[PDB]
Amino acid sequence: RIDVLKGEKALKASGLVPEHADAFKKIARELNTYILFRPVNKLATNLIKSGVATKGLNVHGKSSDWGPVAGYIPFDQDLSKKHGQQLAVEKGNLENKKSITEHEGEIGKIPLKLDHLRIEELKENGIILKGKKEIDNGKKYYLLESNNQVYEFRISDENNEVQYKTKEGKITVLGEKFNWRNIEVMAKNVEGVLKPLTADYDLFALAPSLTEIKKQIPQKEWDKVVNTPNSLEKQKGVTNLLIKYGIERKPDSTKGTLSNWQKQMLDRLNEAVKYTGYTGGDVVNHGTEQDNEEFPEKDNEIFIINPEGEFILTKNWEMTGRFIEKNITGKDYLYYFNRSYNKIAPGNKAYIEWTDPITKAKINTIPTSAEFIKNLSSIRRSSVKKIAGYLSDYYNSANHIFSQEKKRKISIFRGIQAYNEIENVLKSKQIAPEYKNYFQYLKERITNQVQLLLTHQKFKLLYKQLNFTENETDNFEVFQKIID
Amino acid sequence: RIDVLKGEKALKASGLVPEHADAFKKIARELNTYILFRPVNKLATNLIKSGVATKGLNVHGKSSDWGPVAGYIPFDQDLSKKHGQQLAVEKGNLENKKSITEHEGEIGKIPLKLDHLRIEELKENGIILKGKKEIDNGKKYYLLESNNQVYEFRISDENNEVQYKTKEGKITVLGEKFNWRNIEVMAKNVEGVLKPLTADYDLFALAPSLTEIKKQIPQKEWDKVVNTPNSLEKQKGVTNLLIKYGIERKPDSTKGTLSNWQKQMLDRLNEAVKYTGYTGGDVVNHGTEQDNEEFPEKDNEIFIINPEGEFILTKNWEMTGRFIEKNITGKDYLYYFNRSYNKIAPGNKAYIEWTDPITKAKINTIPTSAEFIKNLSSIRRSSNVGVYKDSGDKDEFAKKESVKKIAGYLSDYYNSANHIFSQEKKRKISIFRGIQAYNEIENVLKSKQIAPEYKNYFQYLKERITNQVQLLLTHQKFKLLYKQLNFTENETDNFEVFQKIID
Amino acid sequence: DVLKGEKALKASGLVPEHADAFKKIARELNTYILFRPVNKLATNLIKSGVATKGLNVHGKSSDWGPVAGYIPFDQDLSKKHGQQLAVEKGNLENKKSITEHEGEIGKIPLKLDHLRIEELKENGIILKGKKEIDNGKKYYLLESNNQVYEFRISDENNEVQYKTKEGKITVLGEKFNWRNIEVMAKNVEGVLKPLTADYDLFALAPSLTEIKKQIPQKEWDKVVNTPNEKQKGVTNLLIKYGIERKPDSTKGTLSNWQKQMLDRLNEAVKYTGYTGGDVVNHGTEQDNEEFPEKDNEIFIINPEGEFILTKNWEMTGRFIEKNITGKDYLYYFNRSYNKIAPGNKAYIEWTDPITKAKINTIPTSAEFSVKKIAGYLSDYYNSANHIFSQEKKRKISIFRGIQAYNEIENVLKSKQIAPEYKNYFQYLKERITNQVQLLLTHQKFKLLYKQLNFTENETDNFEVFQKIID
Amino acid sequence: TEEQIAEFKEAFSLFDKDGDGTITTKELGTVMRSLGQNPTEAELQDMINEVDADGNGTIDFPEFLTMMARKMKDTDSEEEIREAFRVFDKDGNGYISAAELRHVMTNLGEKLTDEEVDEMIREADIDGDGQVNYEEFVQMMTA
Amino acid sequence: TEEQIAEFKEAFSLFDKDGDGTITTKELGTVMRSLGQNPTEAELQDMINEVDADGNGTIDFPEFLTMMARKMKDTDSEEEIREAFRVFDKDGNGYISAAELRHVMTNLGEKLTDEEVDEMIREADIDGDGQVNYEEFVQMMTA
Amino acid sequence: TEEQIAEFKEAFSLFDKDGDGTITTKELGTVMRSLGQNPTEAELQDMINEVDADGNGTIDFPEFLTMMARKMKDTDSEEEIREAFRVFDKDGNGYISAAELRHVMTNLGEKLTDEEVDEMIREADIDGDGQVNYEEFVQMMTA
Ligand SMILES: Nc1ncnc2c1ncn2CCOCP(=O)(O)OP(=O)(O)OP(=O)(O)O
Ligand SMILES: Nc1ncnc2c1ncn2CCOCP(=O)(O)OP(=O)(O)OP(=O)(O)O
Ligand SMILES: Nc1ncnc2c1ncn2CCOCP(=O)(O)OP(=O)(O)OP(=O)(O)O
Ligand SMILES: [Ca+2]
Ligand SMILES: [Ca+2]
Ligand SMILES: [Ca+2]
Ligand SMILES: [Ca+2]
Ligand SMILES: [Ca+2]
Ligand SMILES: [Ca+2]
Ligand SMILES: [Yb+3]
Ligand SMILES: [Yb+3]
Ligand SMILES: [Yb+3]
């Protein structure tokens, strides 16, 4: 039992527009595939529902969750959710400036106008309050308050444009100060007219049923594998067929990096919400998060819609991990996790951890020469050949003509072989402090692996009785008998 | 009508030393040229007047506007105006460290000494207050206060050196904490002696009279161009002199990037203030801000001195724009605005907007074959590079309909050959050429959705081509006359019907 | 104006026993030992045998809250608390330690042992407060005068957890509920053990005798037994075995003798009962050229065995000057001093006698048919000069200087000379002036320049000047 | 710059029924013309002969990229011109009018007649709109 | 990437009794094999002949660095595979079992018999542990 | 190393009545000497003959920049020396005195006489000031 919210309560925290979510159950079910969304700016929801357009990959400015511009994409990113975070604000603005220039006529900015109804919406949510009136150059304004301490906001009675200025003696994060001026918001060009943008639905991950993936594979391209006398070169093409149509992903022009089935699924989603009335366009604009390798966001609450059509909301990252494990990656569903996890994401240096079974095993599994070499590469950030060779001997596909009983033997030996060509390197010179550890490590691994193969059938115990001294098909003779 | 301050009140906000400003009226007038200054550290003014030297391009540390070191250039940039801004402080210091090392013996730092009179000046301005006395190692000190909460300052009675330390439990922006220690200030080497520096007069922009620029042109060279037949090459001749002598600029060694007339004007300015007594040296050390393309500063208040000799102080950027528009760039005066405006300044990523007519009209203007082929490049940043030919998945198709014609047809629109025809003719041949391109384009979109953004580029061209044509037409008589025209068979025939259609 | 004994040791941060133990080595090896400050809240942990951080861990320790004394993974819980850039730079460092050194370094939940809480209560760092129950689990709040975070400890396993206060925001602009406090740890025998501040050594100044002892009796002889180079044969046997330093990874850049001196220091501490291995993991700050730290208080233990604690950098400089670099002891100061350290752009100043008496002159351009460009004019220090007599030299010298006085120097009005060059030549001239009066006063520049007229090849005026020796 | 080379690359691959990337001098001109230039047949020879010693008449990018790397030297004044345009346009309407052309001229000494003026405008005018737009002002300054 | 070239550099200097840095084709294979590859003698010729026109049989880094700069193109799918491995391994034990191999298969249409299944495992299995570890899953998908 | 090359560049162009940038071996020495070096006529040949196979006797920068790129290897100890100087100078006056030279020596074993000492100072002394300044200490340590 995990502690996750369900239905109504969860949808509430998801941020998606109810109608849209309900509409999504349909696709989740029909296509038997889990749909997971990253949080959605709650103050964005209503805007979305009212048909406002959402931001695509050509807009990386962060939305706002406070003040009159709440729900929109303020040009001045210190008015966004990243308010007060110098680096984020700065990185945020550069992004907007880029959106404005590298995409002229595509994206632009426009003054924020708070419609009569929106002010109301905001009053309820307790975000801002229409206050006392003010007159400034023969012009009528009405102050708009917020518990914020740096800025002061007001709205024009005529055109309903909102303006803001820095408070007395107060200073912007970027160390600015200014008087009354319009609040610009990111907008996209729609039919020659510039229309404001708002948060979109960011997909955390799409987990389809293996079967659903099958439908992606062409009926005779699969048979040309299924129906193959051989077994090895089959299990390969069957896997490569999973990859190509199920796993592999590619950088689309504006949809970011996503796969092909994902592209479809994407369209179904946007379709679904348009049938409900969404006239803003797409609500989902790109690949998913597990492919967002440069700037991974680690959210606490994930909103999941299972192929049943139910609503679940993981409470915390650790939990989201469980859910995915118990109900997806462990239940015949296609799933791959962000390649940056367990590494330092290049873009924002994020370090999001995730459970990776392959690693778990590392401790009991001797390495391939490549890994062994590539471990000597990334160990050069600050020298002998029979080892990497032997490791290449351990993993030899030639073994596919021998018997398990044989295999273990030849392997058990090959391991002991390497454990030797290694033991003597350390018996040799200290070389580099960290290189010493690498071998004390290999040793243990090689040890465990061997010791493992042995308990499969019958380490150091049988290590005192073996040869080092004169090298061909002879030192291997004694061993044969030793294992029996 | 604009809300700008004038005279005395404006001068007050300008920061320039009164005498110096008055002295400037002279040059503004005499040379019939607008002079615009960026704000000047008000707490720097008096220091300047008292003959303190100003900082040149070899010193990028920011001045201070509070505390005892107000007006000077503190080595510890957290004592400057950028106080409390970690990144700015840090960037500020690196700059000082550089000034100190990459310019040894040229620039240096020295302890700040507050002269008996300066303390007084500071007391009036309400910056610091001489407080209680203190004795610390047999040495007499007098506390100096400030409404600041991080630092504490005191001054030596003997040599008048000011020291400062961080308050109890308080922490520096850079996360430091230390006890009493001298306040060092940037200084320059003058005759083997190190003298303190202060804010200089940064010129926002210099707008001279076209005529004044004429005096720059050698009367002979103006002749070898004003004396010739070719009516068209008549203008092009002056245009290039106007440039060569007033528009072009170059990177000087220490004066940054400025033009030649500007170099002169610069000297007149420094001359002028020396006539009044300024013994510090130059008060103006660099080209104007309009050439400061890497790190543009966007100030709110600009101080302008018109060729009349009056003082104006724009209240805000938007206003400064108007002023310049209504009284300079629209009144026969030479003016060019920072090339970084409307772009992302490379240095500080600033994005200062300015009104650029050329653009404000590129909506009713048809693109150049080049002002197109180049776009196709930029828009090629949202895809992978490979082969222009054969871009489809199918092997039966290898070409995006109207590949080059759209370009050529644009090169046809802008043909200098048209200089032998009549306007009436021109509009016609052009109006057509446009409709021609609007076709070779319309069919590209009619062909395949090629790239999402490439689609927009054409929906754009379309509109433009549209406006341009529709514009030429209302000059004399769009889609209305688009239904009745040929596509199907391509030489001097589809052009015949058109002829009559326009009448 | 420096603290001494007990009082100083108190401020040093070292574990008393360890310091006392150090007197022994300082004395025995006649060598000054200088330590940079040590996190006071780290002291006790060290003493209780906790392991210290080596160069593979650059996260900063903490000096407040339950995690005080350790290396929090979340660097906003460290001493750098509240310093966005430092926190961020700190974390990246931890992330790196965790990844680029897998299985070597790791992180683990912080557990506050029954005694530690007590220790913390005395130091007045945290207080065990009211109880709390959260999912059938028993917790006890731990307070701190901090305003951003809130801490609690589990009664079962004694794990400490923390969360951000209501409406409060992390420096990095975060907010989260209850979660474990992870701490940097190193792998020890397959088990992950927590780390703490080490004993970062400031400097080491051995009795000049000691570096001799370092030299092999042979290599020394082949130059001391009248092989007179000697004059330079010594300095080089002084360099290679006393000044020369080189990288090393586990330890950083340091010197052979230093390496040894390390070992003795470490061993020297085991004896007191220190379990967690080494406390001195790497070369001295004077070789930490990329990211120099400028501390206020330095802890010094003189070859006598006494304890001194400089109060401030300016003072630490004096101490070193009066009692070390001026008293026959080997010492070299961080090569980054007086320069902009590359790594952190630090600019720590130090007194360089060489720059002291910098009123002298040599290959400048350090400043960056018909013979006029050629000729021997920029070579004041003519090696071939030991042939002349001290008098000739001082006499000829002045001449060579003046030779440069009006060389190509009077070119003060070549086209448009920048105040930068003039300033130099000027200065240079200001040098040649003093770089003469001395040679004079030794045995008697603004003396007589009217008795000098250089309007011909230096050879012609050569005779002149020699006649001016009067 | 990146865009620079990027631009020369766009046109180059615009017309090239060669495939791999090698055009002829029979079209080299059209390229430089579509890319905003008006070279004379005399200049299209002394260059395609200095660097192109192949004697085959085949041209690719690396070669072309270098030719442009020379011409675009004392002509890259694109800026100065654009600024100058803005100088004439007093009313800031985005176009240069006769009245405007007058002032600039008269203020520079050359006093022109309402006739001569209107002559220059028409000459420079290419669309017949009765005014000079930047694009036109450009051609007129670099033909 | 840096590591990429860094990797090719590690092995290259691993075996080279030449010194300066020049090996032979008599060992070129061993190198590519120790670095995780199984090239055929037919491919080790048509390449060492295109770039190596020296006719000496001497090879260095800059040359080798380029060959790898081609092969590692439509094979760098290391990721996709590694991910696929994780897809089969339902129990997340780090190894692929027959039972597991079954599901993936049956769920993809191909219904296999407890015999055929155990055949595939045993074929792919290299150590005889009775299961497929990533390393093995890799070889089986590459070699 | 920017400054390094920058330094070798300063002197190189200091004397060169060639113009473009090509000097002779008749002056190559003067260059290396003005740049702080004392090479022997024997070393100024075996090098200007290995890299300079032109047989013309013409030298430029790229060539020179490489020669220096070799000599400045086991001599760049500028640091170590400078530090050593500071070690002798106990009084921190910036100069090395006989008294000082004594200690360092006696403390290193070699007990010298007030005579021998004063001999070394004078030998190392170049200006006759009766003391050794860093510059001098340097020359004395160069060879
Ligand atoms: N496949 C992908 N390709 C590129 N970027 C991606 C991909 N998937 C995710 N990202 C990164 C960011 O997705 C958009 P972004 O605007 O940053 O979302 P957000 O931060 O949730 O919006 P908000 O700020 O409007 O709340
Ligand atoms: N023409 C130019 N070329 C290059 N840089 C320029 C030009 N004009 C201005 N600059 C750049 C920096 O100007 C000086 P700076 O001293 O940094 O000004 P400031 O910030 O107003 O000084 P203050 O800090 O002394 O108040
Ligand atoms: N010889 C050297 N080589 C390289 N780096 C060095 C050397 N000597 C010192 N350093 C740099 C930093 O020493 C370790 P560091 O962990 O940063 O100390 P600290 O700052 O005192 O730790 P603390 O944060 O735990 O109090
Ligand atoms: Ca106009
Ligand atoms: Ca026109
Ligand atoms: Ca498994
Ligand atoms: Ca196996
Ligand atoms: Ca001395
Ligand atoms: Ca001397
Ligand atoms: Yb998104
Ligand atoms: Yb300035
Ligand atoms: Yb350390």
# chains A, B, ... in the order shown; residues from 1 in each chain; ligands from 1
$ residues_around --residues "region 325-327 of chain C" --least-positions-apart "6" --cutoff "7 Å" --atoms "only C-alpha atoms" --output "number ranges by chain"
F: 87, 90-91
$ residues_near_ligand --ligand "ligand 12" --cutoff "7 Å" --atoms "only C-alpha atoms and all ligand atoms" --output "MDAnalysis selection string"
chainID C and resid 53:55 198:200 281:282
$ write_last_selection --atoms "C-alpha atoms" --output "CSV table (one decimal), in the first residue's frame"
chain,number,residue,atom,x,y,z
C,53,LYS,CA,37.3,15.1,4.2
C,54,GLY,CA,40.0,14.8,1.5
C,55,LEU,CA,40.3,16.5,-1.8
C,198,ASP,CA,39.8,17.8,8.5
C,199,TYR,CA,42.9,19.6,9.7
C,200,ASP,CA,43.7,22.0,6.8
C,281,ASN,CA,45.1,14.8,3.9
C,282,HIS,CA,47.1,17.1,1.7
$ residues_near_ligand --ligand "ligand 1" --cutoff "6 Å" --atoms "only C-alpha atoms and all ligand atoms" --output "PDB file with N, CA, C and O atoms, in the first residue's frame"
ATOM      1  N   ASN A  41       0.457  24.660 -13.409  1.00  0.00           N
ATOM      2  CA  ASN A  41       0.200  25.862 -12.655  1.00  0.00           C
ATOM      3  C   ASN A  41      -1.294  25.966 -12.334  1.00  0.00           C
ATOM      4  O   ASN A  41      -2.129  26.154 -13.221  1.00  0.00           O
ATOM      5  N   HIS A  60      10.319  29.264 -23.340  1.00  0.00           N
ATOM      6  CA  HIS A  60      10.827  28.614 -22.131  1.00  0.00           C
ATOM      7  C   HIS A  60      10.724  29.500 -20.922  1.00  0.00           C
ATOM      8  O   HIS A  60      11.321  29.213 -19.895  1.00  0.00           O
ATOM      9  N   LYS A  62       9.185  30.922 -17.594  1.00  0.00           N
ATOM     10  CA  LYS A  62       8.307  30.237 -16.653  1.00  0.00           C
ATOM     11  C   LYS A  62       7.061  31.046 -16.344  1.00  0.00           C
ATOM     12  O   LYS A  62       7.107  32.275 -16.275  1.00  0.00           O
ATOM     13  N   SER A  63       5.941  30.353 -16.175  1.00  0.00           N
ATOM     14  CA  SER A  63       4.673  31.010 -15.875  1.00  0.00           C
ATOM     15  C   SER A  63       4.706  31.655 -14.494  1.00  0.00           C
ATOM     16  O   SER A  63       5.630  31.443 -13.721  1.00  0.00           O
ATOM     17  N   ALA A 199       0.471  28.338 -19.239  1.00  0.00           N
ATOM     18  CA  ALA A 199       1.048  27.025 -19.012  1.00  0.00           C
ATOM     19  C   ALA A 199       0.337  25.970 -19.802  1.00  0.00           C
ATOM     20  O   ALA A 199      -0.867  26.024 -20.015  1.00  0.00           O
ATOM     21  N   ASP A 202       2.382  19.449 -19.323  1.00  0.00           N
ATOM     22  CA  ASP A 202       3.644  18.793 -19.586  1.00  0.00           C
ATOM     23  C   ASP A 202       3.527  17.320 -19.217  1.00  0.00           C
ATOM     24  O   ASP A 202       3.254  16.973 -18.069  1.00  0.00           O
ATOM     25  N   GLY A 256       9.992  18.717 -29.769  1.00  0.00           N
ATOM     26  CA  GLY A 256      11.102  18.277 -28.951  1.00  0.00           C
ATOM     27  C   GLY A 256      11.471  16.854 -29.261  1.00  0.00           C
ATOM     28  O   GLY A 256      11.196  16.362 -30.339  1.00  0.00           O
ATOM     29  N   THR A 257      12.096  16.177 -28.317  1.00  0.00           N
ATOM     30  CA  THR A 257      12.487  14.800 -28.539  1.00  0.00           C
ATOM     31  C   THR A 257      11.444  13.842 -28.031  1.00  0.00           C
ATOM     32  O   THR A 257      11.259  13.722 -26.831  1.00  0.00           O
ATOM     33  N   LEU A 258      10.760  13.168 -28.946  1.00  0.00           N
ATOM     34  CA  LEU A 258       9.751  12.162 -28.606  1.00  0.00           C
ATOM     35  C   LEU A 258       9.826  11.037 -29.627  1.00  0.00           C
ATOM     36  O   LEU A 258      10.539  11.137 -30.617  1.00  0.00           O
ATOM     37  N   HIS A 286       4.756  18.782 -26.758  1.00  0.00           N
ATOM     38  CA  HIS A 286       6.008  18.173 -27.079  1.00  0.00           C
ATOM     39  C   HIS A 286       6.213  16.892 -26.375  1.00  0.00           C
ATOM     40  O   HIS A 286       5.412  16.434 -25.570  1.00  0.00           O
ATOM     41  N   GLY A 287       7.331  16.363 -26.780  1.00  0.00           N
ATOM     42  CA  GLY A 287       7.774  15.161 -26.217  1.00  0.00           C
ATOM     43  C   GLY A 287       7.488  15.279 -24.751  1.00  0.00           C
ATOM     44  O   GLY A 287       7.033  16.306 -24.234  1.00  0.00           O
ATOM     45  N   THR A 288       7.799  14.186 -24.115  1.00  0.00           N
ATOM     46  CA  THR A 288       7.599  14.074 -22.696  1.00  0.00           C
ATOM     47  C   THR A 288       8.871  14.419 -21.870  1.00  0.00           C
ATOM     48  O   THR A 288       9.908  14.748 -22.430  1.00  0.00           O
ATOM     49  N   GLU A 289       8.756  14.344 -20.489  1.00  0.00           N
ATOM     50  CA  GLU A 289       9.855  14.679 -19.541  1.00  0.00           C
ATOM     51  C   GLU A 289      11.009  13.684 -19.531  1.00  0.00           C
ATOM     52  O   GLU A 289      12.155  14.105 -19.474  1.00  0.00           O
ATOM     53  N   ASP A 291      12.576  12.546 -21.604  1.00  0.00           N
ATOM     54  CA  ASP A 291      13.486  12.818 -22.701  1.00  0.00           C
ATOM     55  C   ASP A 291      14.033  14.222 -22.561  1.00  0.00           C
ATOM     56  O   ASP A 291      14.784  14.704 -23.398  1.00  0.00           O
ATOM     57  N   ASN A 292      13.639  14.874 -21.484  1.00  0.00           N
ATOM     58  CA  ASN A 292      14.088  16.217 -21.189  1.00  0.00           C
ATOM     59  C   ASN A 292      15.361  16.011 -20.378  1.00  0.00           C
ATOM     60  O   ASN A 292      15.372  16.189 -19.163  1.00  0.00           O
TER      61      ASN A 292
END
$ residues_near_ligand --ligand "ligand 11" --cutoff "7 Å" --atoms "only C-alpha atoms and all ligand atoms" --output "number ranges by chain"
B: 55-57, 200-202, 285-286
$ interface_residues --of "chain B" --to "chain C" --cutoff "8 Å" --atoms "only C-alpha atoms" --output "MDAnalysis selection string"
chainID B and resid 94 97 101 105:106 173:175 191:192
$ interface_residues --of "chain C" --to "chain F" --cutoff "8 Å" --atoms "only C-alpha atoms" --output "PyMOL selection string"
chain C and resi 208-209+212+224+231-232+234-235+238-239+243-244+325-332+353-357+362-363+365-366+368+373-374+378-379+381-383+385-386+389-394+397+438-439+442
$ interface_residues --of "chain B" --to "chain D" --cutoff "6 Å" --atoms "only C-alpha atoms" --output "PyMOL selection string"
chain B and resi 211+214+232+236+329-330+357-358+361+369-370+374+377+388+418-419+423+426-427+430
$ select_by_dssp --residues "region 157-399 of chain C" --states "strand (DSSP E)" --output "JSON, numbers by chain"
{"C": [160, 161, 162, 163, 164, 179, 180, 182, 183, 184, 185, 186, 187, 188, 191, 192, 193, 194, 195, 196, 201, 202, 203, 204, 205, 206, 299, 300, 301, 307, 308, 309]}
